$ cat final-v1.tsv   # TSV, C-alpha atoms
chain	number	residue	atom	x	y	z
A	1	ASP	CA	10.60	5.61	-34.44
A	2	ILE	CA	12.55	3.20	-32.23
A	3	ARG	CA	15.38	3.14	-34.79
A	4	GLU	CA	16.54	6.49	-33.37
A	5	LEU	CA	16.94	4.95	-29.90
A	6	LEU	CA	18.37	1.71	-31.27
A	7	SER	CA	20.97	3.57	-33.34
A	8	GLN	CA	21.72	5.61	-30.23
A	9	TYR	CA	22.43	2.31	-28.48
A	10	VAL	CA	24.12	0.13	-31.16
A	11	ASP	CA	25.30	0.06	-34.79
A	12	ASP	CA	22.91	-0.47	-37.72
A	13	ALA	CA	24.48	-3.75	-38.85
A	14	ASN	CA	22.64	-6.25	-36.61
A	15	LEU	CA	19.69	-3.94	-36.02
A	16	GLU	CA	16.60	-5.05	-37.94
A	17	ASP	CA	17.59	-8.65	-37.16
A	18	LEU	CA	17.36	-7.62	-33.49
A	19	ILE	CA	14.03	-5.92	-34.25
A	20	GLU	CA	12.42	-8.93	-35.97
A	21	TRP	CA	13.75	-11.33	-33.32
A	22	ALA	CA	12.41	-9.13	-30.52
A	23	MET	CA	9.07	-8.78	-32.34
A	24	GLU	CA	8.41	-12.46	-32.98
A	25	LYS	CA	9.88	-13.71	-29.69
A	26	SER	CA	7.85	-11.09	-27.82
A	27	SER	CA	4.61	-12.01	-29.58
A	28	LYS	CA	5.44	-15.71	-29.08
A	29	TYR	CA	6.40	-15.74	-25.38
A	30	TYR	CA	3.78	-13.27	-24.12
A	31	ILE	CA	2.59	-14.34	-20.66
A	32	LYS	CA	-0.70	-13.44	-18.96
A	33	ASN	CA	-1.86	-14.20	-15.41
A	34	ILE	CA	-2.94	-17.85	-15.22
A	35	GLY	CA	-4.76	-19.29	-12.25
A	36	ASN	CA	-2.92	-20.90	-9.31
A	37	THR	CA	-5.63	-21.01	-6.66
A	38	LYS	CA	-6.05	-23.52	-3.81
A	39	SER	CA	-9.43	-24.92	-4.91
A	40	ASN	CA	-8.20	-27.23	-7.65
A	41	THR	CA	1.55	-33.99	-7.07
A	42	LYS	CA	4.33	-32.60	-4.87
A	43	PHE	CA	7.57	-31.05	-6.14
A	44	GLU	CA	10.87	-30.82	-4.28
A	45	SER	CA	10.26	-29.36	-0.82
A	46	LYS	CA	12.70	-26.46	-1.25
A	47	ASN	CA	10.56	-25.31	-4.18
A	48	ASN	CA	7.30	-26.64	-2.70
A	49	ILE	CA	7.52	-24.17	0.20
A	50	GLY	CA	7.44	-21.27	-2.25
A	51	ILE	CA	4.84	-22.96	-4.48
A	52	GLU	CA	2.27	-23.42	-1.73
A	53	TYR	CA	3.28	-19.97	-0.48
A	54	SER	CA	2.25	-18.55	-3.86
A	55	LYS	CA	-0.93	-20.66	-3.99
A	56	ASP	CA	-2.86	-18.38	-1.63
A	57	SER	CA	-4.21	-14.93	-2.45
A	58	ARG	CA	-3.53	-13.16	0.86
A	59	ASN	CA	0.24	-13.18	0.24
A	60	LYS	CA	-0.23	-10.98	-2.86
A	61	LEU	CA	-1.01	-7.27	-2.96
A	62	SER	CA	-4.19	-5.89	-4.50
A	63	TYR	CA	-2.27	-3.46	-6.74
A	64	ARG	CA	1.20	-3.68	-8.24
A	65	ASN	CA	4.05	-2.24	-6.18
A	66	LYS	CA	6.03	-0.14	-8.64
A	67	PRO	CA	9.84	-0.34	-8.46
A	68	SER	CA	11.67	2.29	-6.41
A	69	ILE	CA	15.43	1.60	-6.38
A	70	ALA	CA	16.50	3.03	-9.73
A	71	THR	CA	18.29	0.60	-12.05
A	72	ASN	CA	19.19	0.62	-15.77
A	73	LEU	CA	20.62	4.13	-15.79
A	74	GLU	CA	22.82	3.58	-18.85
A	75	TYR	CA	19.82	2.33	-20.86
A	76	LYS	CA	16.96	4.73	-20.12
A	77	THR	CA	14.42	3.22	-22.50
A	78	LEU	CA	12.92	2.00	-19.21
A	79	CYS	CA	11.73	5.62	-18.69
A	80	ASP	CA	9.04	4.97	-21.31
A	81	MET	CA	8.98	1.18	-20.87
A	82	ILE	CA	7.48	1.56	-17.36
A	83	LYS	CA	4.02	2.68	-18.45
A	84	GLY	CA	4.06	4.21	-21.94
A	85	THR	CA	4.22	0.66	-23.30
A	86	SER	CA	1.93	-2.04	-21.92
A	87	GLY	CA	0.72	-4.11	-24.89
A	88	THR	CA	2.89	-6.05	-27.33
A	89	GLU	CA	5.46	-3.28	-27.69
A	90	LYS	CA	6.27	-3.46	-23.96
A	91	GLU	CA	7.60	-7.00	-24.25
A	92	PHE	CA	9.05	-6.02	-27.65
A	93	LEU	CA	11.07	-3.24	-25.99
A	94	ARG	CA	12.06	-5.62	-23.18
A	95	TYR	CA	13.36	-8.19	-25.67
A	96	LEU	CA	15.31	-5.63	-27.70
A	97	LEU	CA	16.72	-4.16	-24.47
A	98	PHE	CA	18.01	-7.63	-23.57
A	99	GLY	CA	19.39	-7.95	-27.11
A	100	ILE	CA	21.14	-4.58	-26.82
A	101	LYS	CA	22.68	-5.63	-23.49
A	102	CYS	CA	23.88	-8.91	-25.05
A	103	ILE	CA	25.32	-7.30	-28.19
A	104	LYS	CA	27.06	-4.57	-26.17
A	105	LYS	CA	28.39	-7.37	-23.98
A	106	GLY	CA	29.54	-8.86	-27.29
A	107	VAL	CA	27.81	-12.24	-27.19
A	108	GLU	CA	24.83	-14.06	-28.73
A	109	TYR	CA	21.47	-12.42	-28.01
A	110	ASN	CA	19.31	-15.35	-29.15
A	111	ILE	CA	18.51	-18.53	-27.24
A	112	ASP	CA	17.58	-20.82	-30.16
A	113	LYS	CA	21.06	-20.61	-31.70
A	114	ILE	CA	22.62	-21.29	-28.31
A	115	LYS	CA	22.76	-24.90	-29.42
A	116	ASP	CA	22.05	-27.85	-27.15
A	117	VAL	CA	24.66	-29.85	-25.31
A	118	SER	CA	24.06	-33.12	-27.14
A	119	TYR	CA	24.05	-35.70	-24.37
A	120	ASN	CA	23.70	-38.85	-26.48
A	121	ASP	CA	27.49	-39.08	-26.81
A	122	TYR	CA	27.52	-40.33	-23.20
A	123	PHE	CA	24.56	-42.72	-23.57
A	124	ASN	CA	25.09	-44.36	-26.96
A	125	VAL	CA	26.83	-47.59	-25.93
A	126	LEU	CA	25.58	-50.90	-27.43
B	1	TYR	CA	14.24	-85.61	31.57
B	2	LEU	CA	14.42	-84.16	28.05
B	3	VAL	CA	11.81	-85.67	25.72
B	4	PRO	CA	13.90	-86.21	22.57
B	5	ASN	CA	11.54	-84.72	19.95
B	6	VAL	CA	9.43	-81.86	21.39
B	7	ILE	CA	10.59	-78.27	20.95
B	8	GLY	CA	7.73	-76.67	22.89
B	9	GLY	CA	6.90	-72.99	22.64
B	10	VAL	CA	3.19	-73.40	23.46
B	11	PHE	CA	0.83	-72.81	26.38
B	12	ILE	CA	-1.83	-75.26	27.58
B	13	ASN	CA	-5.22	-73.61	28.15
B	14	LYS	CA	-7.84	-74.43	30.77
B	15	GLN	CA	-9.64	-76.63	28.21
B	16	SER	CA	-6.42	-78.50	27.24
B	17	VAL	CA	-6.04	-76.23	24.19
B	18	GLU	CA	-2.53	-75.48	22.97
B	19	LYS	CA	-1.97	-71.74	22.58
B	20	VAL	CA	0.87	-70.29	20.51
B	21	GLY	CA	1.98	-66.69	20.13
B	22	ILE	CA	3.52	-64.40	17.56
B	23	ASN	CA	5.80	-61.41	18.10
B	24	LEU	CA	4.29	-57.95	17.79
B	25	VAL	CA	5.75	-54.63	16.69
B	26	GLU	CA	5.53	-52.03	19.45
B	27	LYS	CA	3.45	-48.89	19.06
B	28	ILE	CA	6.06	-46.62	20.65
B	29	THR	CA	8.50	-45.45	17.99
B	30	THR	CA	12.22	-44.99	18.65
B	31	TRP	CA	12.58	-42.23	16.04
B	32	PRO	CA	10.17	-39.26	15.96
B	33	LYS	CA	7.29	-39.29	13.50
B	34	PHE	CA	6.96	-36.73	10.71
B	35	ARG	CA	3.60	-35.71	9.26
B	36	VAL	CA	2.22	-33.10	6.87
B	37	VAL	CA	-1.20	-31.99	8.13
B	38	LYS	CA	-1.88	-29.30	5.53
B	39	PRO	CA	0.74	-27.90	3.10
B	40	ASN	CA	3.46	-25.77	4.71
B	41	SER	CA	2.36	-27.21	8.08
B	42	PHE	CA	4.41	-30.02	9.60
B	43	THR	CA	4.30	-32.21	12.70
B	44	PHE	CA	7.12	-33.94	14.60
B	45	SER	CA	5.75	-36.36	17.20
B	46	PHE	CA	8.04	-38.20	19.60
B	47	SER	CA	7.62	-40.19	22.79
B	48	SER	CA	9.52	-40.73	26.02
$ encode --input "final-v1.tsv" --output "structure tokens"
Amino acid sequence: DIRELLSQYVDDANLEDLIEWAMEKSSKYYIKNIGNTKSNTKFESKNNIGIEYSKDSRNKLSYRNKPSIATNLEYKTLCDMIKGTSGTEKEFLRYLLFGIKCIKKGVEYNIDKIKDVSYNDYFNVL
Amino acid sequence: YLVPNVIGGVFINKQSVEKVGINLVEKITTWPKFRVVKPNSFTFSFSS
């Protein structure tokens, strides 16, 4: 049913490629809430301030503060992506929304085929 | 009159014991001292 919205947003020439990439990279990179308590070494201090800020539980709210300042008004798949989608299709819609923004920007939507800067042309002497 | 071999640098005790001394690093610091007591809590101790 999302092909209606995705043909509203972009052509049907790089469409199911976008769909399969968003599906497998959303089911691959799905992130839960993992740990980070102070009952369990040191990074750079500019990041360590925020890290030991985020270690404690009193700096976090008990329930999620929903966003208020309205963004993404050209692409209003967010209107369902707020709370109609919460399982795998939420991150699937997020990934295809990023792909739609990249392909309307006219640039590569993947990150695997953004190929590495090979640095062993500077460090291959002797 | 200078005795031509002795360099000295010693003290004679009350029991004719030769006492010699080393140099010691002072406890007072010329730069202030930084410390991390608990994370995101820091200490800067100086002296005058």
$ atom_distance --input "final-v1.tsv" --atom1 "CA of residue 28 (chain B)" --atom2 "CA of residue 47 (chain B)"
7.0 Å
$ interface_residues --input "final-v1.tsv" --of "chain B" --to "chain A" --cutoff "10 Å" --atoms "all atoms listed in the file" --output "PyMOL selection string"
chain B and resi 39-41
$ write_last_selection --input "final-v1.tsv" --atoms "C-alpha atoms" --output "mmCIF file, in the frame of the given file"
data_model
loop_
_atom_site.group_PDB
_atom_site.id
_atom_site.type_symbol
_atom_site.label_atom_id
_atom_site.label_comp_id
_atom_site.auth_asym_id
_atom_site.auth_seq_id
_atom_site.Cartn_x
_atom_site.Cartn_y
_atom_site.Cartn_z
ATOM 1 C CA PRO B 39 0.740 -27.900 3.100
ATOM 2 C CA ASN B 40 3.460 -25.770 4.710
ATOM 3 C CA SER B 41 2.360 -27.210 8.080
#
$ atom_distance --input "final-v1.tsv" --atom1 "CA of residue 21 (chain B)" --atom2 "CA of residue 9 (chain B)"
8.4 Å
$ residues_around --input "final-v1.tsv" --residues "residue 110 (chain A)" --least-positions-apart "4" --cutoff "9 Å" --atoms "only C-alpha atoms" --output "JSON list (two decimals) with C-alpha atoms, in the frame of the given file"
[["chain", "number", "residue", "atom", "x", "y", "z"],
["A", 21, "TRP", "CA", 13.75, -11.33, -33.32],
["A", 99, "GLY", "CA", 19.39, -7.95, -27.11],
["A", 102, "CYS", "CA", 23.88, -8.91, -25.05],
["A", 114, "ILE", "CA", 22.62, -21.29, -28.31]]
$ axis_aligned_box --input "final-v1.tsv" --around "region 2-10 of chain A" --padding-each-side "5 Å" --output "JSON"
{"center_x": 18.3, "center_y": 3.3, "center_z": -31.6, "size_x": 21.6, "size_y": 16.4, "size_z": 16.3}
$ atom_distance --input "final-v1.tsv" --atom1 "CA of residue 98 (chain A)" --atom2 "CA of residue 26 (chain A)"
11.5 Å
$ closest_residue --input "final-v1.tsv" --among "A:118, A:39, A:14, A:68" --to "residue 55 (chain A)" --atoms "all atoms listed in the file"
A:39
$ residues_around --input "final-v1.tsv" --residues "residue 70 (chain A)" --least-positions-apart "5" --cutoff "12 Å" --atoms "all atoms listed in the file" --output "PyMOL selection string"
chain A and resi 75-76+78-79+82
